[PDB]
């Protein structure tokens, strides 16, 4: 049939995949792009060349990431059109997914200390959010949803929203390199913040993970540090955590703590992407 008409149908299909809200939002945005990019002509007649032209359009503006996702979504949409008997061949499969390297810079312990310090004039919860993150290795989304009720007998219970992974973290952790004590930290969060969520606003209410990430970014700018390519973000406290615990305790610990069943993912958080010189220990 026709592309835009099929994309209308395609959305409905997604509405039935049982994917999470954020996932659907992401997909919708890719389709919207596909609508502006490609004509409303018979699917059978949409050429690899035309598809190629658009993607290159995004690649040329430096939006390789966007290109790669858009290409994926279109592709899958064709696979569904094929699965419903409209097309018969995937004109996208012949394309090559745009190759792009991660621009975001990793964060070194020192940088963390400068920022942590720069976050002086920031809402009291920032520093706390920061410490809790590095000492636990949990994503910010999960971080901001932890409730005091998830702590039972010295262990903090976490069910990662993104992966479903379940872990019990001992409140006895410590980041010797940064002088951070999980327990001491949770105690400052209990008094100074007091809320049902371990991390809370000045009004004792839970925060949106986007806000926490937003303030980290400001404190970062407030630090005056410079980086190659893109700046480190809040999420980077996760690899930092992994790399720090790596050298302090062990690979496996880092791997279990971050909730990485796979090694492809673990060896990735373990990478500093050239930020520093790895001083090899005879351990």
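Numbering follows the first chain given and starts at 1.
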Of 177-185 and 87-95, the one with larger mean CA B-factor: 87-95
Higher-scoring stretch by recorded Cα B factor average, 65-73 or 39-47: 39-47
Residue with highest C-alpha B-factor in the PDB entry, from 190, 114, 106, 162: 190
Third of the chain, ranked by Cα B-factor, where residue 31 sits: lowest
Among modelled residues of the same chain, the CA temperature factor third for residue 201: middle
Chain third (lowest, middle, highest) by recorded CA B-factor, residue given as residue 55: middle
Third of the chain, ranked by Cα B-factor, where residue 139 sits: lowest
Residue 171, C-alpha B-factor rank within chain (lowest, middle or highest third): middle
